[PDB]
Amino acid sequence: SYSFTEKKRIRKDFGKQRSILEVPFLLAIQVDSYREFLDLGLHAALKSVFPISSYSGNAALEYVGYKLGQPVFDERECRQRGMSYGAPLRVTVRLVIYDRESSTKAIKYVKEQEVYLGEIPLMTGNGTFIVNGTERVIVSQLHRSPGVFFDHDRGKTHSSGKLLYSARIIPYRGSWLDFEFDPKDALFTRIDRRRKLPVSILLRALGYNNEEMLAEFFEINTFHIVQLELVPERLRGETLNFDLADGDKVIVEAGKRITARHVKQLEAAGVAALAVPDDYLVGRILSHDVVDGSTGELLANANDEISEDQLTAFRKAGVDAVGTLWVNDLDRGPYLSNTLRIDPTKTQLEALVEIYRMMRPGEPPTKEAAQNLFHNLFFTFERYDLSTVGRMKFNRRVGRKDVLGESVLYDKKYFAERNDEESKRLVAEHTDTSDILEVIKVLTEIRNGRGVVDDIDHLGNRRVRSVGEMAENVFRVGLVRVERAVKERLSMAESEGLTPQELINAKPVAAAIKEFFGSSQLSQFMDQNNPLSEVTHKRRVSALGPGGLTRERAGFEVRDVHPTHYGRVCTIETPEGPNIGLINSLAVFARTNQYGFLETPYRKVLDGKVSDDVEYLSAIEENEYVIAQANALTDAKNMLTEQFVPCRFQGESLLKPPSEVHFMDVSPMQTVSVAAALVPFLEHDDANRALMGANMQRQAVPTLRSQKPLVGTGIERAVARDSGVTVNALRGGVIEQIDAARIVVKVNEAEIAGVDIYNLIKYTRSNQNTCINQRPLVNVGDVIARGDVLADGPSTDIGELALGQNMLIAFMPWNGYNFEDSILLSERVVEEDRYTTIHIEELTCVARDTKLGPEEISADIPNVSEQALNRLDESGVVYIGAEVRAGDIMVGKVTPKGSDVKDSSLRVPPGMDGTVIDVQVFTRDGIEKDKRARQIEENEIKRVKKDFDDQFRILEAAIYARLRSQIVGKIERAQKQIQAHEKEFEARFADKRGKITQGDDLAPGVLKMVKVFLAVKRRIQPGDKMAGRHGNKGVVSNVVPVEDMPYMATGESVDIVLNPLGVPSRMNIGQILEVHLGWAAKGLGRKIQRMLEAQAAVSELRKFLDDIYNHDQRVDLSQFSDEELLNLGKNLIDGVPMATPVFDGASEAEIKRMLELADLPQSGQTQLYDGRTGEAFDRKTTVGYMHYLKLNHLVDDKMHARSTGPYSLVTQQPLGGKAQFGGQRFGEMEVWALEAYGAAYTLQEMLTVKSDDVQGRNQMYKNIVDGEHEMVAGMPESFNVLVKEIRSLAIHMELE
Amino acid sequence: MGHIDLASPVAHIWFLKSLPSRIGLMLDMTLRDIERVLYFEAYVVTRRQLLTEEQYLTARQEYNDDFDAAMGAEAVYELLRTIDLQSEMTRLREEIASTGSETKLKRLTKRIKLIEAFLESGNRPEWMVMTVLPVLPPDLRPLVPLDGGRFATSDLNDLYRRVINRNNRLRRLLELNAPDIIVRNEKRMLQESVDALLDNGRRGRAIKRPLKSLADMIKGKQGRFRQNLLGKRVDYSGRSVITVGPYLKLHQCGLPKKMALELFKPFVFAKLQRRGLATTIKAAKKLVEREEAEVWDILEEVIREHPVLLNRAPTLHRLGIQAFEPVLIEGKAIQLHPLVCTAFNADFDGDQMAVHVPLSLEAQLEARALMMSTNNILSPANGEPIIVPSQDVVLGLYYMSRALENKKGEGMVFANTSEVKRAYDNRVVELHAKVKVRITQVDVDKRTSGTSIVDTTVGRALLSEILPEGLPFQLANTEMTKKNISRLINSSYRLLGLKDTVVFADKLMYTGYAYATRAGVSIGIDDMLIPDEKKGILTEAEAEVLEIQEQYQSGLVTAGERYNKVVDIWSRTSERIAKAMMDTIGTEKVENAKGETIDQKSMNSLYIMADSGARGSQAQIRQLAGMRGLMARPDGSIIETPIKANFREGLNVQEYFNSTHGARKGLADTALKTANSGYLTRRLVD
RNA sequence: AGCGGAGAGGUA
DNA sequence: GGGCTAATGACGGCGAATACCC
DNA sequence: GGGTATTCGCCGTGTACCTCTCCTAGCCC
Ligand SMILES: [Mg+2]
């Protein structure tokens, strides 16, 4: 350490275990996938569809390369312009023309000069896409991997004990293929969830006859007619038969079966062909056809039983080749014969006709069209497109030796007859693999050969596709659409009479990428209220989407946690409510593998000791090795002294000796995510309360002056750094100039001529109406290094994360105010500006043109007094920095109706007050600007001239210093670079002037659009929800004055009074330990401030810091300087921070020693006197400092009321919602709760005369205002709408 | 409304695609045959049989234009027209008199009942098919414009335009004398279009999202019956955030001032018109929005005994809607009585409830006489009263109504309750001491006063001033537990009355609050104790399971019986650890009586909250003191390794990952149980 | 100028 | 750009329809 | 003849609230 940003505050970490791997980059997976997206990624999607073969014109075209253009708009200007942060994508293609009725040769090699198509949104910053000025993020989808996996249904069909098995060949993007069993013992297939059909139809479509299908699965027994050959190891473990003697030596008599010793004695006897009696082969089934050698008639066909007439015909014909099927009771099942005996189709053409009839319903079949339709379904590249991970899963599940192979499925008989160019390539590398027959054989081994069944719950069967793969998929869809359009446009073309740019159109691919990036199930609107929420929203995987399950259906299996999730998927950061379990989160050290699976690092463990090596293992690799857990005590630096270390083999925690371990975890922070690791003492609290706290810590609000948490973790220096909310120095050096919104840094001569300059963002609007700002912390003349911090953002500290404030906590029931998770406050919380945040609300006002005339923004507004006209300027826009109230006029606008105009001015929403910080005017081109727009334009050009010549003077001073450091001896490159930088600054100023003075982008149909920014300081009030980090959510109760609060013997008044009844109910105890550790930290901070208040020597302070920092993590206080220790003691005036890890935390002895080191009691709890009466208490309470946070569930956006509001047009009912004056919906169960009491008069008055009646709603108001009491009951308008809707269905309904 | 003149007839899909198909019962045919006939794939002669085109041509070649056969809606229209149901009823009566098969009997009684209903209603059988199709009125659906002069799309308008376009094309093809195959194709397309208009998604699902139709916006979740008929959005309402307030009675509740101004605004207008301070309603509204001081006086005067309605939005039982007399308070949060929230089951972690204002003359009496909170005392489920002291009151009442061995100020004789209250406040006696007081209590048969002596504590004597005279002291001399105070509330409600029980429940909460703010209970790291023999029992069980594992790995016992005996001895060890923890928590405190030491019940922070109720059971104390036992797996089995650490000690990642399996399954079970409970509640209501 | 439908997120 | 112009990751319960061994 | 035995199709799956964006679209000048 000992850097510049680390010498200002050092937190004492209670970490006894070592650290072998530091915390990596948090959002690295999305930026890595987007870097890999720009041959895999985009280039494969280009090369897979751009070869086009024309039918009649014979016009082909091939691309040679692509290039991305320069982004014409910066993202800071793109957030205000309202467009998308995109880049032009120009593809350089070459068009060739083949001469007709001649040899294969091209005429002209004309190439299109970078034809433009599409516009990709460039990922900028930390992974936020900008499409309409709003930061959008694309979360990663978790779906089932392509391949082959098997399953069985429990009690689905016929409630039989024989569990039927199913198979499924999942492609990447194409047609599916299933293989399921049946309780009638017959396999059946289906294509794309259509109607079922037997397996013999697909095998006849492949080109397989019956005598070659039935002979390759089971063995054949040769019969000589009727003596048969004795097959060894066949009758053992099978159905018993009569006596069989080999050479008049019968080892096994009649009525018994061949055992293992009987099979050994039979195999040691030299068997041969024996005389089989005729009453044994009548139950068998023939393998192939048996015909006569002389006549040649088909007396015995294939897949038929051997009866007595066929046996006598075979004995008369003399055919000695009679084969049977080895059919046992359990080890061999005759399912193929049962499927062949059902379907009567015998030829390939009728099978293709049946396939074309099952696929296309109600269509006349054609023998020349079914062959074409069957080829573009399973055996083509343009429509099936099975990827490499699907082939890897296929070769891993079937049992093939090689990993890589062909993408499309290969068949032996289907590809042998084809004489195409691509068909000759696949048959040369393959060796008749027959993948479909291998799938059928593996399913047979599952059914009767006693295989294993894998459930879809692991991470080896689920892949994680990022933004790049989904972008490549939607670009592939758009490329197929533009390929079909280009084929129809250039089916008949000339050599050079037409342009290649007019063939392809950017409109369908642009509409597809706009529909993907703008509104989809994966484009989630992010929340920029915190850096923690910003870093945990991008590092989040989900199972919802177009290629996955939905949250509406049942998910009782996929909502449970699997043992594969240990180390890869976080089991704590999961949102409760509707979708609990479907929205998971990535771990800290977890990352994406090369195929899409999740890999976690482990340590290589030698048989004697543990080495310092890392190796990422996937989910299908952890089932073989014995991975040790974190319960491994160490005596030396690498030693195991336990005779039985707890470890897991396949997710089951067992005990094993340490001479058989293979892997071990690298860190105890592997299980939890980044949003769950910041909660201190997570090992003590319950899992559900930690799950509630991990969501309560996700929706905080940044305050004005954020304070550091006293009980942190130590990993908060990375979660605030990887989010990109704070600026970092790229090259360390000397800070030349600094301001409130600009930092000038001079690059030193080591990592060097142009110095860098930073522009800090001021108070702007975020996505959740939260004010964000960046304030610097360094001074002038400082020497910084590469990677240090310079400015802290919203809810940010010197290099650690800081969400809220620290307050006093006393667990005591105070007069029934803390009743059920209620929070009491004090006056000194409100009056000291502690929890008062800043909210920025945006208001707009457009001015379009109607059929009468256009609307203006003039100041001559009728029916407006002088109380509101004083704030308006001459242009009609309110002044910058002017205080506006609720209901005032800010933007004046009139609408002509027909001298006589209608008021349509923008009004302030009620209850909101504040100053107007920024006014932005968006004018249309061709319209003359007013005085306010001209003032904004002249202020903008003056500000950009100020920063332009300031940067030019800084660069000129840097170049002058660089030449003055070299002309001291006894040149042209310095003045040449100065002239080049001057020309670059002039070009940048010209581009900025041309981008400012041009008319911005507006909606089609409007003339002028203004945006007024408001800033309201939200106070704290009763009715506000406030939670903690340990998982104690609640609302506040009252604001008690400071004189009526409990106080200690010293004089400190307790600010927040909690309820001690929640500790046995919620079963968490970590909050009391956090309170005790915060009390110890505040005691050490008070002792440090009392020592530094007097003029004491630095040696005693150094001895005190050495006593409190490294007790019984070793740091030296005498390393930095002699005044740096005084600066560190001055920076710790409020309390030294503590860092407790998630699972390697501190015990009670260290906290007791820390409490005894200061002037604090040993037990951590003391007595305090009451503030209401002044007397003492009977039991001592726990007093300490707990870190709190203010939630976004305010009270201003919740409470509302209305009496008269707007009505609808279909049914005369009020609207719904806090906006547009919508009344609260009377529920269906509320009517039942009212009718359970009876009370028909309050049920008829709250259903008919209140809302639904068009006359009663006026009559009741007239009777209330006037004074009389006479109501009229009638039928509502909704029943009239219902009967008029029923009457439009040719059903007579009359109110009799 | 309007109508569409169709050149070709078309049948309704509700009488065809339904599972009791009425046309199949009327014409004695199946569903697939009439499906092939009605969609122009077969022929019907005019007895009833499926007939294709080759049979039609071979019959026309031999009939010489004497055997007419129609196909489509005209054939089924003639078959429904030419039948006479009066003779058909007698013919099917002879058929049911002849045929005696059971499924034939069921079909015969179904057809006879259908024919009887058709002749009783007087409806003709030809009214199943239709010729004139009516449309909806144009005011029933809006054409909502968007920003920029655009128009939002609709669902029924596109289907209506498709129907009118196909009808115009069919009329032009019939007028221009088209060949028969394209007329049959246009009639089939018109049939599919009308069948998609009447019920979309039942035949072909004519669209990436299928739009709604006339049968989709009535039947389903977004239908008119469950959105605009049973529950409608009403006015004079509004939500807030609940906040507990102890300084209010149980017959009243809090209300924000701006909500009270916005809800009772017509009453404010009527009061300003009656007082004469404002001439018109516009000047009164401007005086209200200008926020003078007389507006708050008018608002405080207009609602004094005017009740409102309160209702939590997730409601389960009939006590979810109650009535209170509101008072004007500050802030933006509705204040509620703490004893009411037991019936609402409303925690204070940011829950919202919507109010409703009864404004008629009869609704106020209906909300006062049978919906006030002083009348809904007993639950509709069982006879126990819902006014039970909650987690904050019963803790102070249990701390107040117990005794110890030796305290200061014991052994003295007091006069009455007033002497106890005069001697307690100046701290001359303890809160709990074995004293002998004298109390007066009446006897009911009738009032019969009586004075006796009793030996009790100081806190139970201080509790004897708020109980009514009908209750004896023997029902309150026991320590105030949960079930004991529930029995006391039931005995106070049984033989005394209502209003005295209401004011007794009012004073009991105030007494519990005033003694809980004086007790000052707090749980810390020192109060939660660990057993001393826990490590010894754990090492003994570790040696036992090591011996069992050695005997299993040596080759004597199989893995299943070894796993069963391991989890058996671990459950026995967990039970022994729980017993030792209960023994070292309950009998922890010791005291002395006149020099000699004596044992008593401990006064720890966890033990008081465990024994007094309104908290977790003994399993929650076992999980915080000793080992939590054996956790389960989601597939049904039990994990072999235990969790040999409480929540006070540290936990490794293994037992935390084991506990996560039991943690998430409970959340999934509560979500599925809530959904199934809502569905079962709806079915049991209906 | 009032009125519509989809997609995603969050509290109870 | 412009102005009219037209999917396969749900699951359980109940009633009709051939249909197959008796 | 006949009496069930699978089999296909229809029916449904809690309440209420808060915030955000995006919709009919397309095509040859
Ligand atoms: Mg709640």
# chains A, B, ... in the order shown; residues from 1 in each chain; ligands from 1
>>> residues_around(residues="residue 15 (chain D)", least_positions_apart="3", cutoff="10 Å", atoms="only C-alpha atoms (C1' of nucleotides)", output="MDAnalysis selection string")
(chainID B and resid 19:20) or (chainID E and resid 9:10)
>>> write_last_selection(atoms="C-alpha atoms (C1' of nucleotides)", output="JSON list (two decimals), in the first residue's frame")
[["chain", "number", "residue", "atom", "x", "y", "z"],
["B", 19, "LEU", "CA", -67.82, -29.17, -25.83],
["B", 20, "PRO", "CA", -71.58, -29.69, -25.42],
["E", 9, "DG", "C1'", -59.24, -30.91, -25.96],
["E", 10, "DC", "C1'", -61.09, -27.24, -22.63]]
>>> residues_near_ligand(ligand="ligand 1", cutoff="12 Å", atoms="only C-alpha atoms (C1' of nucleotides) and all ligand atoms", output="list in words")
residues 820, 821, 822, 1025, 1033, 1034 and 1035 of chain A; 241, 242, 243, 312, 313, 314, 341, 342, 344, 345, 346, 347, 348, 349, 350, 351, 352 and 353 of chain B; 11 and 12 of chain C
>>> atom_distance(atom1="CA of residue 436 (chain B)", atom2="CA of residue 417 (chain B)")
11.5 Å
>>> atom_distance(atom1="CA of residue 247 (chain B)", atom2="CA of residue 817 (chain A)")
9.6 Å
>>> residues_around(residues="region 619-621 of chain A", least_positions_apart="6", cutoff="9 Å", atoms="only C-alpha atoms (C1' of nucleotides)", output="mmCIF file with N, CA, C and O atoms, in the first residue's frame")
data_model
loop_
_atom_site.group_PDB
_atom_site.id
_atom_site.type_symbol
_atom_site.label_atom_id
_atom_site.label_comp_id
_atom_site.auth_asym_id
_atom_site.auth_seq_id
_atom_site.Cartn_x
_atom_site.Cartn_y
_atom_site.Cartn_z
ATOM 1 N N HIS A 458 -28.075 -28.226 -13.088
ATOM 2 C CA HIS A 458 -26.674 -27.903 -12.882
ATOM 3 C C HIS A 458 -26.300 -26.642 -13.657
ATOM 4 O O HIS A 458 -27.098 -26.076 -14.405
ATOM 5 N N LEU A 459 -25.060 -26.196 -13.471
ATOM 6 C CA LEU A 459 -24.493 -25.146 -14.304
ATOM 7 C C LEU A 459 -23.763 -25.700 -15.518
ATOM 8 O O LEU A 459 -23.318 -24.919 -16.366
ATOM 9 N N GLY A 460 -23.627 -27.022 -15.617
ATOM 10 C CA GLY A 460 -23.103 -27.647 -16.814
ATOM 11 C C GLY A 460 -24.132 -27.893 -17.892
ATOM 12 O O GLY A 460 -23.764 -28.226 -19.022
ATOM 13 N N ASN A 461 -25.415 -27.742 -17.562
ATOM 14 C CA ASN A 461 -26.491 -27.828 -18.535
ATOM 15 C C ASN A 461 -27.129 -26.480 -18.832
ATOM 16 O O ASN A 461 -27.966 -26.395 -19.737
ATOM 17 N N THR A 564 -24.618 -27.111 -6.940
ATOM 18 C CA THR A 564 -23.713 -26.607 -7.968
ATOM 19 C C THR A 564 -23.514 -25.098 -7.830
ATOM 20 O O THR A 564 -22.478 -24.563 -8.244
ATOM 21 N N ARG A 568 -20.463 -20.176 -7.757
ATOM 22 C CA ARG A 568 -20.771 -19.628 -9.072
ATOM 23 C C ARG A 568 -21.953 -18.676 -9.048
ATOM 24 O O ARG A 568 -21.891 -17.600 -9.654
ATOM 25 N N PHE A 597 -20.350 -21.350 -19.951
ATOM 26 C CA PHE A 597 -20.581 -21.837 -18.602
ATOM 27 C C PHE A 597 -19.863 -20.952 -17.586
ATOM 28 O O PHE A 597 -19.011 -20.127 -17.926
ATOM 29 N N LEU A 598 -20.222 -21.132 -16.318
ATOM 30 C CA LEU A 598 -19.656 -20.351 -15.226
ATOM 31 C C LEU A 598 -18.535 -21.137 -14.561
ATOM 32 O O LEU A 598 -18.729 -22.290 -14.162
ATOM 33 N N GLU A 599 -17.368 -20.510 -14.442
ATOM 34 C CA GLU A 599 -16.197 -21.129 -13.840
ATOM 35 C C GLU A 599 -15.753 -20.325 -12.628
ATOM 36 O O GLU A 599 -15.755 -19.090 -12.653
ATOM 37 N N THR A 600 -15.373 -21.033 -11.566
ATOM 38 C CA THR A 600 -14.898 -20.424 -10.337
ATOM 39 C C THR A 600 -13.479 -20.895 -10.022
ATOM 40 O O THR A 600 -13.130 -22.045 -10.310
#
>>> interface_residues(of="chain A", to="chain D", cutoff="10 Å", atoms="only C-alpha atoms (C1' of nucleotides)", output="list in words")
residues 143, 144, 170, 175, 176, 177, 191, 192, 193, 194, 456, 543, 544, 546, 547, 548, 549, 550, 552, 553, 554, 555 and 558 of chain A
